[PDB]
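Under the deposited numbering, read the sequence shown as residues 0, 20 to 400, first letter to last. By construction, the Cβ of each residue, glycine as well, lies at the ideal position given by its N, Cα and C atoms.
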Amino acid sequence: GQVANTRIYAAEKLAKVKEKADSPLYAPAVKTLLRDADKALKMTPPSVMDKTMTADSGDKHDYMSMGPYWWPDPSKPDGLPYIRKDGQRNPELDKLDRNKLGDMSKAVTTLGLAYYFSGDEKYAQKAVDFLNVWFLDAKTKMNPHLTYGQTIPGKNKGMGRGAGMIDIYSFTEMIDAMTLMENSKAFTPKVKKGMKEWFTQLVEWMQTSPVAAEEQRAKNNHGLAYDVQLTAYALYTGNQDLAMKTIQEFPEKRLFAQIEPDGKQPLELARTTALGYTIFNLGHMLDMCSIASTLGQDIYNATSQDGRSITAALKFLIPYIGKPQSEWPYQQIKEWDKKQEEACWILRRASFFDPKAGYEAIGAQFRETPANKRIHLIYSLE
Numbered sequence: 000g020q021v022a023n024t025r026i027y028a029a030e031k032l033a034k035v036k037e038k039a040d041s042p043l044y045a046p047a048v049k050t051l052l053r054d055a056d057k058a059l060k061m062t063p064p065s066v067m068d069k070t071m072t073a074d075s076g077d078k079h080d081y082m083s084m085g086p087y088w089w090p091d092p093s094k095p096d097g098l099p100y101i102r103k104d105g106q107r108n109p110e111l112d113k114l115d116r117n118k119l120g121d122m123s124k125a126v127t128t129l130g131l132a133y134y135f136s137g138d139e140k141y142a143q144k145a146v147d148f149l150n151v152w153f154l155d156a157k158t159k160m161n162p163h164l165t166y167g168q169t170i171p172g173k174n175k176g177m178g179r180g181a182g183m184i185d186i187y188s189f190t191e192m193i194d195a196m197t198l199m200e201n202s203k204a205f206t207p208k209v210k211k212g213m214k215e216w217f218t219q220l221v222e223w224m225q226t227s228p229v230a231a232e233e234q235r236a237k238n239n240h241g242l243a244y245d246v247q248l249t250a251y252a253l254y255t256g257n258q259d260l261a262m263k264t265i266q267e268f269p270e271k272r273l274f275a276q277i278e279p280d281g282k283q284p285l286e287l288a289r290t291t292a293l294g295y296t297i298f299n300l301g302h303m304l305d306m307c308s309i310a311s312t313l314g315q316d317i318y319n320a321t322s323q324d325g326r327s328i329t330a331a332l333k334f335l336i337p338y339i340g341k342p343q344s345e346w347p348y349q350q351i352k353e354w355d356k357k358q359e360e361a362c363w364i365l366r367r368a369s370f371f372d373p374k375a376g377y378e379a380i381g382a383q384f385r386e387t388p389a390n391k392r393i394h395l396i397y398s399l400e
């Protein structure tokens with residue numbers, strides 16, 4: 000009858035889905051989750067040691083990634099400096115740490131959820147192997163900083179930039195997966211202490227680094243995402259005062275700054291994937307609403323004097339959901355169907371906070387997500 023202390027996942031909902039794992043509603047998704055976890059068992063845990071290049075610190079244990087939208091310039095003899103092509107991801111980024119970090123993060127989340135749903139230690143043990151290799155083992159560990167996040171060839175004098183902070187956004191969810199495994203045997207006090215210390219050092223770095231300062235001051239989805247991460251990592255590390263403060267400042271610093279009275283997010287709508295970025299930012303807003311609700315803080319209903327809110331932002335998007343791209347007057351260069359589907363899940367999540375608005379009935383009209391998809395477990399109607 020225990021509810022886990024999750025901050026992004028809706029905890030009471032998730033406890034009820036677990037209790038009803040074998041019911042007809044959830045059994046197909048649980049089956050698929052355990053198949054995914056079984057594939058993860060076969061994976062070899064990667065590390066920041068796997069990249070062929072080294073950051074300009076000379077320390078291979080420093081995380082290094084490349085700005086995904088930055089490409090060689092064909093008008094220059096050696097392609098340098100790189101130039102930006104918004105929305106087009108340069109596959110060279112695969113040489114560096116970003117995708118390995120993603121595989122790890124996704125594997126631990128999969129494994130923690132599989133453990134929660136099954137109680138099978140093999141899932142928790144493999145998760146702990148991933149975490150040891152990535153975070154804790156002297157041989158392979160990532161240092162708790164992103165000084166060299168999103169380097170760009172030929173630019174920024176070999177240094178990272180604040181934008182690289184977005185690379186670890188999935189840690190917000192990974193922390194909830196680790197909480198779900200806390201009572202496993204593999205997830206020991208030593209491992210829990212190790213992880214809390216790594217996140218403690220990361221937060222100290224976020225609070226003092228000039229590189230992290232760049233992300234904190236970002237005006238768009240990067241800034242909003244920074245606060246969500248700072249909050250989640252502060253809570254994980256026991257720093258409730260920093261969490262409370264970041265939450266309390268979030269409507270003025272982020273929501274009211276980035277959302278217009280008519281719901282437009284102009285900095286996202288200017289992008290080549292304007293629908294995708296509008297949804298990216300909304301999903302992170304809803305992540306903050308969820309964290310905040312655990313501390314009794316009502317971010318979802320925070321409303322400016324001139325009418326700016328998450329409700330306004332949703333109201334702007336809704337008329338485009340389920341409609342052809344001909345009806346959308348901004349760019350969306352790719353992933354049209356994928357982002358329409360994600361919009362239906364934004365509606366599911368918003369319905370948790372404003373049931374009366376009828377968001378779920380709007381999304382149910384168009385949503386085609388197969389019954390065995392994990393998302394049904396995580397944003398259920400419990």
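- Residue environment analysis places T255 among the buried positions, since at least 16 neighbouring C-beta atoms fall within 10 angstroms of its C-beta.
- Excluding five sequence positions before and after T312, the CB atoms of its chain that fall closer than 7 Å to its own CB belong to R25, given in chain order.
- Not a single unbroken stretch of the beta strand (DSSP E) spanning 3 or more residues falls wholly within the segment 200-236.
- Taken in chain order, the complete alpha helix (DSSP H) segments of 4 residues or longer contained in the segment 236-283 are 239-254, 258-268.
- Residue state for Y166 is assigned as strand, using DSSP reduced to three classes.
- Its chain contains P63, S65, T158 as the residues whose beta carbon lies nearer than 7 Å to that of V151, once the 5 sequence neighbours on both sides are disregarded; these appear in chain order.
- The Cβ atoms of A125 and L51 do not sit closer than 8 Å to each other.
- Per DSSP, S65 lies in no alpha helix (DSSP H) and is assigned neither H nor E.
- Comparing alpha-carbon positions, the option among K271, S308, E360 lying closest to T321 turns out to be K271.
- The DSSP-derived three-state label of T329 is helix.
- Taking each of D96, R289, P337, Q106 in turn and checking the Cα distance to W88, the smallest one comes out for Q106.
- Cβ neighbours of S136 within its own chain (closer than 7 Å, five residues either side excluded): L52.
- Annotated as distal: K173 and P90, with beta-carbon spacing of 8 Å or more.
- For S311, there is no enclosing beta strand (DSSP E); the residue is found in the alpha helix (DSSP H) stretching over 292-312.
- For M84, the enclosing beta strand (DSSP E) stretches over residues 82-84.
- Between the alpha carbons of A142 and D155 lies a distance of about 17 Å.
- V209 sits away from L164, with the two beta carbons spaced by 8 Å or more.
- Judged by their CB atoms, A389 and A58 are not nearer to each other than the 8 Å cut-off.
- Per DSSP, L198 is one residue of the alpha helix (DSSP H) stretching across 189-198.
- For the 8 Å CB-CB criterion, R235 and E278 do not form a contact.
- At a Cβ-Cβ threshold of 8 Å, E378 and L365 count as neighbours.
- Here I101 is bridged, per DSSP, to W89.
- DSSP places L365 inside the alpha helix (DSSP H), whose first and last residues are 354-369.
- The alpha helix (DSSP H) runs lying completely inside the segment 102-169 and spanning 4 residues or more are 116-136, 139-149, given in chain order.
- Under a 10 Å Cβ-count criterion, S41 is classified as exposed, with fewer than 16 other Cβ atoms of the shown protein chains found around its own Cβ.
- In terms of Cβ geometry, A45 and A33 do not form a close pair [threshold 8 Å].
- Taken atom to atom, the span from the alpha-carbon of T197 to that of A310 is near 17 Å.
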